[PDB]
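*Asks:* okay, structure incoming, though there's no sequence with it:
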Ligand SMILES: [Mn+2]
């Protein structure tokens, strides 16, 4: 069997993906973390900033999927998932603070669940695990924004992985980016 990681980075904003962070970029930092997790396959989704991202970073070893400018980038990423993968670990391109250890833990215990989320000190957060059994439902969401409602639904047995600290910062605004740079 296989485990595929999916990084969603198609979010509209200088592109937010290319903002400087820890000697690299925000997206570069996220991908650096994903590359350490031991995924058999890594899929990255990009939007309108695709060309800019490509020219700024080497995307070696990652399956790049491009959408137009939330968009339904998860739907098209699923099309790339290898047949022998029993599910996906889902990560967001603007959440570079995700710990490699958390990814290894969810890779370990995630496959014994239909859906798994991380339980932080201040609530539910990424990474998520989705079993192949829910790929159809994921594809039928209007956009990437619909995942949040799904992981809080009682329709599936959503399991929780306990993680120390609070939820990684989701870098959308300038205030978010300021908060990210502050913690070092
Ligand atoms: Mn975001």
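*Replies:* Looks like it came in fine. Numbers count the residues shown, from 1 in each chain.
*Asks:* and residue 136, that one's in a strand?
*Replies:* No. Under DSSP: H, G, I helix; E, B strand; the rest coil, residue 136 falls outside any strand and is assigned helix.
*Asks:* what is the neighbour count of it?
*Replies:* Residues lying near residue 136 (other CB atoms under 10 Å) number 9. (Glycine included, C-beta is placed from N, CA and C.)
*Asks:* what does residue 158 give?
*Replies:* Look at residue 158: counted by other CB under 10 Å, it has 18 neighbours.
*Asks:* give me the beta-bridge partners of it?
*Replies:* residue 115 (DSSP bridges).
*Asks:* which stretches in this protein count as strands?
*Replies:* 2-9, 20-21, 24-25, 41-46, 63-66, 85-92, 115-120, 123-131, 158-162 (DSSP state E).
*Asks:* looking at the ones you listed, which is closest to residue 174?
*Replies:* The minimum distance between residue 174 and the strands of the chain falls on strand 20-21, with 13.4 Å, by CB to CB.
*Asks:* so what strands line up beside that closest one?
*Replies:* strand 24-25 (antiparallel).
*Asks:* show me what the most centrally placed residue in the chain bridges to in the sheet.
*Replies:* By CA atoms, centre = their mean, the chain has its centre lying nearest to residue 91, at 1.3 Å. Here residue 91 sits in beta bridges with residue 7, going by DSSP bridges.
*Asks:* quick one on the thing from earlier: now the strands of the chain as TSV including distance to residue 139?
*Replies:* Formatted as TSV, the strands of the chain follow (distance: least, CB to CB, whole Å):
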stretch	distance to residue 139
strand 2-9	13
strand 20-21	32
strand 24-25	29
strand 41-46	14
strand 63-66	13
strand 85-92	12
strand 115-120	15
strand 123-131	11
strand 158-162	19
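*Asks:* which one of those strands lies closest to the ion?
*Replies:* strand 85-92 (6.0 Å; CB to the ion).
*Asks:* hmm, the closest one touching the ion?
*Replies:* No. Counting by CB under 5 Å from the ion, the ion is not contacted by strand 85-92; separation bottoms out at 6.0 Å.
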